[PDB]
S.K.: 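Sharing a structure with you now.
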Number of protein chains: 4
Amino acid sequence: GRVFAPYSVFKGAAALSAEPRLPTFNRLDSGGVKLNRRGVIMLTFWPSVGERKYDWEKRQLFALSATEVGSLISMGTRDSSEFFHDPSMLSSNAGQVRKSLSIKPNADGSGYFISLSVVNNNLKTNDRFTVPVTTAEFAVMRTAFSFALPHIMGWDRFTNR
Amino acid sequence: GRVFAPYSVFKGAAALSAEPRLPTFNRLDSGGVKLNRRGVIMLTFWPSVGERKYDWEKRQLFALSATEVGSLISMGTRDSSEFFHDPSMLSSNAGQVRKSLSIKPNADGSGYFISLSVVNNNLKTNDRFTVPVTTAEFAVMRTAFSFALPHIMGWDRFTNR
Amino acid sequence: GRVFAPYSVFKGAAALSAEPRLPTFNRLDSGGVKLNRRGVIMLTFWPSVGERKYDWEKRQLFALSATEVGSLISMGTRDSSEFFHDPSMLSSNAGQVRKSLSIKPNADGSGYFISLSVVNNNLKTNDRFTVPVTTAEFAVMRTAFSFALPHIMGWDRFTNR
Amino acid sequence: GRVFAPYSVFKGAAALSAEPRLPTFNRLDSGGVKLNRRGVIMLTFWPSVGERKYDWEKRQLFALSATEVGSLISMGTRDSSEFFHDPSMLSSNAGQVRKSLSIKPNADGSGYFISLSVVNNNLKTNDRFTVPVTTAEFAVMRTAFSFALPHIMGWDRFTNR
DNA sequence: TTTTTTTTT
DNA sequence: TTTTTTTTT
DNA sequence: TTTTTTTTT
DNA sequence: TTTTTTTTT
């Protein structure tokens, strides 16, 4: 069965959620197993419609790859990164939706800003959710993501008993 | 069944103990599972009534959240933090008991001081337990807490087999 | 059964793959178990025959030992290392094939270069596969290898239940 | 059953071995479980009687506690520590055997020196085994010991399923 | 005994 | 296919 | 719902 | 064979 144990951070404008999506495996005819669809750390964003009350309907997703996770956890305090995703890459309708996730340190050094930009040329929409992440919150993420990385990679299958 | 494997540090005035409290889950009707009550790292303090002989009766608890754990493990040597808790928040009798946990580096750099303050306006009591933590002891905590963080978050449920 | 969950990095000239090989154990007559053949992190390299299309036939392997893994993960940004292996050491045909793996930081600091040299004096061949590894990619490796190290050592057998 | 998966380092004068000893638990009448005898990282030393040929008969043991492990893994490159143990503390024959383990960085910075001193006033013996540990070897230890620490503490018993 | 709360499947 | 070897239970 | 793809067993 | 001990459920 599925499991819902998100690490969620709520702030002024929007809320931020993070939970792993494990890899899918195919059992070969030879008996062994082969990783098929790679796992990710799924990031979800949604806005606040009212004093601490958020709109789950207007949520946007962003799937961190193994490498991108590696990038995030290796970030020094004075570091910043930006990831660009096309949800429908290699599909009939590519270049129509563009997603970009950005992590930038804030001036104070009291953590980072993490914002998701989603531009949809099909629906003519332009969404952006920014969420402030303290040092401690980003620390949970770094440690949690470090823990999950081997799993989303399927390396937890390698075990002596 | 339950499990009692505390990491305990004993010192002059008081003693310090730390062990995880796992999250509670509810099995949905849909089959999947959902994290309900979040896990914590439970901290217990108690005084010394006599030459190395402590009073377990006068113990006070403090429950570290995921974020607070993230804060503790991310602490540089020259860092200090303070957490404030109301045990009965959102309850009939709030603001009546106040707890504060403080981690401050000591002058020497030979670790930290960790003290729990508990002010009870109902019972008119004022308790404070301070415990010195060497670099090595705080190292156990940092590593142990890092290990436990994924578990108290319920991320150990995400596993390939 | 076996498991195939490689961490693969594809680049211009060649491709790089990494996955653990667990240790083999023998069950003693006394009942206990004893680690026999030590585990490794297996590295595979292969060339590119055409615009992003690689030759799996011309692959070369390199097996990182526990210690060598320890070396790799302890590398600062400004560090470089080189490992020399004779595949047929202590065998009839030693000194006939020589392998060397090198990790050097690139000028920019944007990661490392990792190249495998294989000199075969029996077949009169001289192969070399170089692959550029970004900071994020090497971060995956560092974290993945850290996770796997206890397992290839067989220390995952030590567990309370 | 027991498990033998030592991390061993062999050098000129002596050899060094390290493997965890898990904690013992007692099942309470209440149903739960309680950690009884604490786990350790067991260190074994033995001399070399001949060109790369060691004397397993003249081995000496040293049991690292949780805290001492915490100390070892927190060591910077320029750090050194010394631990003193009386094997028969709180026993009929205390003060008769004294053990001391020392970790000192070597001049070059190419790792550390680790030596075990055992003075026996009952048998009138004075033993000392020194073993050089490269940066990579000590890296294996740091990572392996970090992995094992939660287990020797019995914190691996805390798990969601 | 424990600072709660915010959104789904 | 893989750099081995050293000491026990 | 999710940026894909490249090579085996 | 191993530095112990301190307080509960």
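Lettering follows sequence order; numbering is per chain, from 1. Hydrogens, waters and symmetry mates play no part in the numbers below; they use all other heavy atoms, side chains included.
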S.K.: Given the ring of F25(A), does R157(A) sit roughly above its face, with NZ or CZ under 6.0 Å from the centre of the six-membered ring and within 45° of the axis?
M.R.: yes
S.K.: Using the P atom as the point on both nucleotides, what is the distance between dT5(E) and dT5(H), in whole Å?
M.R.: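 The same atom, P, in both gives a distance of 43 Å.
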S.K.: Angle class for the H85(D)/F62(D) ring planes (parallel below 30°, perpendicular above 60°, tilted otherwise)?
M.R.: parallel
S.K.: Hey, would you call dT6(E) and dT7(E) stacked, ring centres under 5.5 angstrom, planes off by under 30 degrees?
M.R.: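 No, which means the ring centres are not under 5.5 Å apart or the planes are not under 30°.
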S.K.: Quantified in whole Å, what is the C1' atom distance between nucleotide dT3(G) and nucleotide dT7(E)?
M.R.: 26 Å
S.K.: Are the side chains of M42(B) and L61(B) in touch, meaning some heavy atoms are under 4.5 Å apart?
M.R.: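 When only atoms from C-beta onward are counted, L61(B) and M42(B) do touch, with a gap below 4.5 Å.
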S.K.: Classify every nucleotide of nucleotides 2-9 of chain G by which part a protein heavy atom approaches to under 4.0 Å, writing B for the base, S for the sugar-phosphate alone and - for neither, in 5'-to-3' order.
M.R.: BBBBBBBB
S.K.: Is it true that a side-chain atom of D86(B) and a backbone atom of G95(B) form a donor plus acceptor pair closer than 3.5 Å?
M.R.: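 It does hold such a pair.
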S.K.: Do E51(D) and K53(D) meet the salt-bridge criterion of a basic N to acidic O distance under 4.0 Å?
M.R.: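 Salt bridge between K53(D) and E51(D), a charged N being under 4.0 Å from a carboxylate O: no.
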